[PDB]
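A.B. asks: Counting from 1, position 25 in the sequence shown corresponds to residue 63 in my numbering; the numbering is continuous, with no gaps. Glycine included, every Cβ here is placed at the ideal spot set by N, Cα and C.
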Amino acid sequence: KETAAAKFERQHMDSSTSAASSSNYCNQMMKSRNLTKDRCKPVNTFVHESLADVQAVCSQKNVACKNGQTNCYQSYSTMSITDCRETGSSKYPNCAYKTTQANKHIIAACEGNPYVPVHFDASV
Ligand SMILES: [Cl-]
Ligand SMILES: [Cl-]
Ligand SMILES: [Cl-]
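(1) Measuring only the C-alpha atoms, how far is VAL162 from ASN141?
(2) Excluding five sequence neighbours on each side, which residues of the same chain lie with their C-beta closer than 6 Å to the C-beta of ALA42?
(3) Inspect the CB distances between the stretch 76-88 and the stretch 105-123 and report whether three or more fall short of 8 Å.
(4) Considering only DSSP beta bridges, list what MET51 is partnered with.
(5) Taking Cβ positions, are residue 163 and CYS78 nearer each other than 8 Å?
(6) Looking at the secondary structure, which residues open and close the alpha helix (DSSP H) in which residue 25 lies?
(7) By the three-class DSSP mapping on this structure, what secondary structure does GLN93 have?
(8) Touching or not, the stretch 137-153 and the stretch 102-114, by the rule of three or more beta carbon pairs under 8 Å?
(9) Sorted by chain position, which residues of the same chain lie with C-beta nearer than 7 Å to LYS104's C-beta, five sequence neighbours on each side aside?
(10) Beta carbon of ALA43: closer than 7 Å to some heavy atom of ligand 1?
(11) Residues bridged to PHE158 by DSSP?
(12) Following a CB-centred definition, is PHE46 positioned closer than 7 Å to any heavy atom of ligand 4?
(13) Would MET51 and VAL95 be called neighbours here (beta carbons separated by less than 8 Å)?
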């Protein structure tokens, strides 16, 4: 079974580019990260910052998670991110995604020791 931290890494980290380069970024990344294997993951955000910078958010601003949990943290600075969401013509096994690049604060739910990100709650 994948650990919660490794699943967060695989689903939400893309430190290799500073930003989505084209409209096809999400189709490629969602496939590359195995988020379209058995079904199309509907929504998924990738963060274009170092893993260290993203893990550091766990010691930044403590804020409530949407679900009411109290282990969420909001990054003090904005980060380069890309939101990937299925378009209307998306249909497994032919997933299709809209790519939206933005610079915003990220909110992550953190847990464990080391205390690291295990869920991407939202961006602001
Ligand atoms: Cl791990
Ligand atoms: Cl995988
Ligand atoms: Cl997400």
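C.D. replies: So, from the listed chains and residues:
(1) As a first step, residue 162 must be located in the sequence shown, where it is residue number 124. As a first step, residue 141 must be located in the sequence shown, where it is residue number 103. Those two C-alpha atoms are separated by around 9 Å.
(2) In the sequence shown, residue 42 corresponds to position 4, counting from 1. Within the same chain, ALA42 has close Cβ partners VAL156.
(3) yes
(4) Counting from one through the sequence shown, the residue named residue 51 turns up at place 13. Partner(s): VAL85.
(5) Nothing about residue 163 can be reported from this structure: the residues present for the chain run from 39 to 162 only.
(6) Beyond the ends of the chain as shown, which are 39 and 162, falls residue 25; an answer cannot be given.
(7) Position 55 of the sequence shown holds residue 93. Residue state, collapsed to three classes: helix.
(8) yes
(9) Here residue 104 is taken as the residue at index 66 of the sequence shown, counted from 1. Here the set comprises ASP159, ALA160.
(10) By 1-based counting over the sequence shown, the position of residue 43 is 5. Because some heavy atom of ligand 1 lies under 7 Å away, the Cβ of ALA43 counts as near it: yes.
(11) Here residue 158 refers to the residue found at position 120 when the sequence shown is read from its first residue. Note: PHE158 sits in a beta bridge opposite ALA146.
(12) Ligands present in the displayed structure are limited to ligand 1, ligand 2 and ligand 3, and ligand 4 is not among them.
(13) As a first step, residue 51 must be located in the sequence shown, where it is residue number 13. As a first step, residue 95 must be located in the sequence shown, where it is residue number 57. In this structure, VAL95 does not lie closer than 8 Å to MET51 by Cβ.
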